[PDB]
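As structure tokens, the structure follows; a few thoughts come after it.
We place every Cβ from the backbone using ideal geometry, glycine too, and count neighbours over all the protein chains shown. Derivation of every value follows stated rules applied to the coordinates shown; laboratory data play no part.
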Amino acid sequence: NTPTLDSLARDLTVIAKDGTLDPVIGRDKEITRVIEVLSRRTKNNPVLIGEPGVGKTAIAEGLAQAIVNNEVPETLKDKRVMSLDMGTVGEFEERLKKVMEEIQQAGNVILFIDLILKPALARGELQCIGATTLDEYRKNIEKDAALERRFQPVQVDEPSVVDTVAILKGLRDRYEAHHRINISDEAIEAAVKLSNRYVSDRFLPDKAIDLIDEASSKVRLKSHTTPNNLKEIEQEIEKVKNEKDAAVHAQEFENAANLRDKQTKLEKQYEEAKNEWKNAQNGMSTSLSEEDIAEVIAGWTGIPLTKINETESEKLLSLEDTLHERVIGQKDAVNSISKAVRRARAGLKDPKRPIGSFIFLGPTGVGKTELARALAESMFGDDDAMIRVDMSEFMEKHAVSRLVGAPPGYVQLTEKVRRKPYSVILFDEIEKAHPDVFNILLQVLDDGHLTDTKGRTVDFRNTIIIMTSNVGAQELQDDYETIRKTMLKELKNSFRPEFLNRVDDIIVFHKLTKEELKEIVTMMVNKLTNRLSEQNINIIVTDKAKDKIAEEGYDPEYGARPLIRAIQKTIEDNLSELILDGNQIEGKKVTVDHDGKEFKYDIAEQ
Amino acid sequence: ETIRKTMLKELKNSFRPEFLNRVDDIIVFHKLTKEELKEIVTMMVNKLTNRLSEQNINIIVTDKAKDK
């Protein structure tokens, strides 16, 4: 009976034996592993280790409901599992000691900790099920040999891609009887595809079950709107009732009969209208379309509906146009990277290894930063989803212990990539870095996944690794294929030949000509005009002024970087003064024309 | 512009180049010449006179005394 154990902990098996709980499906392997570990004589107290809120606590939930159906083995049969919170517990340890004593000699009750009682677990008398993560298990359970040898290191695996589809199909009818909304077949797969792509902080299985509930509630609320048919009668009924009530207290019964008759007629008409309205709605079924989930998911991360509507069919075909729209110049280096990415998506490249692997050479500010920023927007859909990790200040011995994570005992890249696995990692100035850093980088391109000191394993499948090096820039300043071949020897001389075997292509940036800066200036002018779209301001620059301003601040060493400041100090300085002069111009079209001596800002109207 | 360019390379040599890209403009001050110091003393005298508005005291300093 174990009366002492039941007075200090909550038995989760009794509540789950009623059959009213939801079916915890998808943990096929975890339940079998836990049963095998518990039934064995050695390491009879396995501890569940996994990520927080990814199935670490949901794995033990399904085992309690399987006791009634006798789905466990013979050794694990007729056993009750109690889930006790770690925050419950001299006076504090008395409850734990009483629970351990009443369960050590019995063996029919297994306690749980949300990893004194060390002797009970070491001898296998009492079975303990852990619920901590990998970092806690490797620091407490692995600290002592007796605790480590008596605890099976079980891992709580999360649901697979196809596991969630079956769970959603099985519980599809449950929501139809609650929200009165018919669920189609394509909605389940659309939701399970969108959750695995956009949602990355909750993982499976708790990212898909709650995704369709919001869409069903939204469509239920939208389908019950009144099309200006019921309120127009309800207001009349309310006002007639109020008028009759006012006359009742006024001792005026002459109009009371007429008011009551009118109210009865209005009630009959409202009942007929309600019946005819409810008959039409129930005729058809409100199936959940694929756009409903997209609309709900667009409001959480700001992703436009156009990006969600793409099914990875036309994105590859329009990749070159998107890349060339924001970056103008050196089309050889732009079209080269657009062909090496589509080939890897077919299956020609290992999925674990990163797909994006290119080396950028040349001075900064020529357009490399803009291309790097636009690549993430064109591929993923987010422009700010970039983790820029420089190596300028990583010249110390402890530089390798910073990006890999915080070692146990002390007070970066892994933490940032865990929350946003779909991002582009940039390593600026890779030619000047500590030698210990390259060891971590080699494993990324070779293996594909890393592991920090806390035991968490991070994946780099859908990641792009681009390293920027300054080698080869001095030779160029003193055909694209010939230049790439000539710079390949210089690149291989400086770095290790083994590290360069995982790079697909080498990108070398050339020197922009005079005719290529005019389009960049035009793009900057268009970007400036688009910013002021809320104030309805039309900005146009003539071709004569662009040529004059292009060479005003041209710098061969930097490139187009000083051009931004030149445009800001030339065009915007005069534009701001006119706006600040009591709204001199509003809803007009200002044309900037240069006569060769001074920039005459002509003021016109649209 | 030449002074700003010469100072920018020295500033970016010690710091990170990416951190300086978000800065709008770099402000570099100059030295103080002999003629600039006279107006500083004049401004200080005017501020001191304004400080004594409650007592209505008129303070005037000749140009000979300011230079010394």
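Observations, loosely collected:
- DSSP beta bridges confined to chain A are antiparallel in about 25 percent of cases.
- Mean Cα-pair separation over length for segment A:253-407, i.e. relative contact order, pairs under 8 Å, 6 or more apart, %: 17 percent
- Under the criterion of Cα pairs below 8 Å and six or more residues apart, the relative contact order for segment A:519-606 equals 33 percent.
- Considering helices alone, the calculated mean residue ellipticity of the protein assembly as shown at 222 nm is -13500 deg cm²/dmol, with DSSP H runs of length four and up weighted by -39500 (n - 2.57) and normalised per residue.
- Simple spin-label estimate for A:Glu71 and B:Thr49 in nanometres, 7 Å along Cα-Cβ: 9.5 nm
- Cα extents of chain A along the three principal axes, largest first (Å): 97, 97, 48
- Hull shadow area, averaged, segment A:1-83 [alpha-carbon convex hull, nm²]: 6.2 nm²
- For segment A:156-238, averaging the sequence separation of C-alpha pairs within contact (under 8 Å, six or more residues apart) and dividing by the residue count gives a relative contact order of 34 percent.
- Listed residues A:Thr226, A:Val296, A:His249: farthest to the positive end of the dipole of segment A:212-371 (Cβ charges): A:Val296
- Rg over Rh [alpha-carbon atoms, Kirkwood Rh] for segment A:120-276: 1.38
- Pair-distance distribution P(r) for segment A:209-352, from all Cα-Cα distances in 5 Å bins starting at 0: 1, 7, 10, 9, 9, 9, 8, 7, 6, 6, 5, 5, 4, 3, 3, 3, 2, 1, 0 percent.
- Each other residue within a Cβ distance under 10 Å of B:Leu37 adds +1 if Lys or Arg and -1 if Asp or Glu, for a net charge of -1.
- Here segment A:105-169 is assigned +1 on the Cβ of each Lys and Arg and -1 on the Cβ of each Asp and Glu. Its dipole about the Cα centre then comes out at about 260 debye.
- Using the Cβ-Cβ distance between A:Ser184 and A:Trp277 with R0 = 22 Å, the FRET efficiency computed as 1/(1 + (r/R0)^6) comes to roughly 0.35.
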